[PDB]
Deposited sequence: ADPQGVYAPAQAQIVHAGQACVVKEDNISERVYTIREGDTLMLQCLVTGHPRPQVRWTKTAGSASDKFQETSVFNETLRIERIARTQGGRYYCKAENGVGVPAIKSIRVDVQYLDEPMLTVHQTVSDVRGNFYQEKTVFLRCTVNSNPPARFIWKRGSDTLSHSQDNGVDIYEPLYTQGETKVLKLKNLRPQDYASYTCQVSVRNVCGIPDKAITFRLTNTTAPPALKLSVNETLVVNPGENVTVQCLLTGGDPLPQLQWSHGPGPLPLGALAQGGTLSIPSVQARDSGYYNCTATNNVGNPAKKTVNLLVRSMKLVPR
């Protein structure tokens, strides 16, 4: 004598069955309807592993749903008459983050005449994103300009796509844009990111104003500089310590690391890294040591 049907007439995105497809952050509301000769109990349970995280009202409402809240739900009528009623919904919470473009020249010697450059684009999106590569305002492919390849590498779960420039022609040194699209499933618009490849594009190189292992007495003033010796797109520099952070230490500019006073707690490694998405980041280490 216990039946249930739920309406999904909330502020949810439209599409031209059993799936509730909403844009991320939008307001979700699902209306469970019961039917019984005795008044049955309502339950809105999220499928979470267990051999009270459930809303017991007829309406399951969440104002701001993230990816974490995009599992499978189901409502249930507990009425003593017969089998309890169960109806399930897959809440598909969709989004489209911002793309990340990184150049990779993969170089020692210059013995071969190849000059090959890779452009890897990466996104995070609930709908598997569609990738469109452009050179300026030219959506390019291999059938259009055979000097390039385009492929999606396996074992990366399809969240990335690579544009290969096999041999750099003068026309290759241009502006490339990765444009990612979810096909406007929730009205989510396409995004894009751009990189300028030029004759001087190169990964970063770092210069350290101290030796590798820096020996310091307690109470002294320590200042280490991180200097740049390479990287055409202006690299960004950051310092780090590792296991235990230091309260005295400050990093006013990305290059300057400052420790006002030194105690044996402050000993250890201090890694300065420069990262401009062109190659492997540059890492220079200062092994700060305090006598004892």
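For this chain, the deposited residues without C-alpha positions form the stretches 1-10, 27-29, 65-69, 125-127, 314-319, given in sequence order.
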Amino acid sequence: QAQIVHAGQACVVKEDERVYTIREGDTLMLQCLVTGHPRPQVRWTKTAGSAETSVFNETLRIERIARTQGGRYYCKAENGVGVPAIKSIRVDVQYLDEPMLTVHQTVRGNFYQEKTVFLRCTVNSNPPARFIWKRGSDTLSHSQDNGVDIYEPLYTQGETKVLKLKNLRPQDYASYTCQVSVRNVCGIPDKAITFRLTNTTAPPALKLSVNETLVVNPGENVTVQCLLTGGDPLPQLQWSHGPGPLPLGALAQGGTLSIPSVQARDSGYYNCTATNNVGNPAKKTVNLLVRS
From here on, numbers count along this sequence of modelled residues.
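Mean CA B-factor, 75-83 versus 201-209: the higher value falls on 75-83.
In this entry, 90-98 has the higher mean Cα B-factor, the comparison being between 90-98 and 112-120. Set against one another, the Cα B-factors of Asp149, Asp172, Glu159, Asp138 in the record reach their highest point at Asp138.
For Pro235, the recorded CA temperature factor ranks within the lowest third of the chain's modelled residues. When the modelled residues of the chain are ordered by their C-alpha B factor, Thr106 lands in the highest third.
Ranked against the other modelled residues of its chain, the C-alpha B-factor of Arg23 as given in the entry falls in the middle third. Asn221 sits in the highest third of its chain by CA B factor, as recorded in the PDB entry. In the deposited entry, the Cα temperature factor of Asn167 sits in the bottom third of values across the chain's modelled residues.
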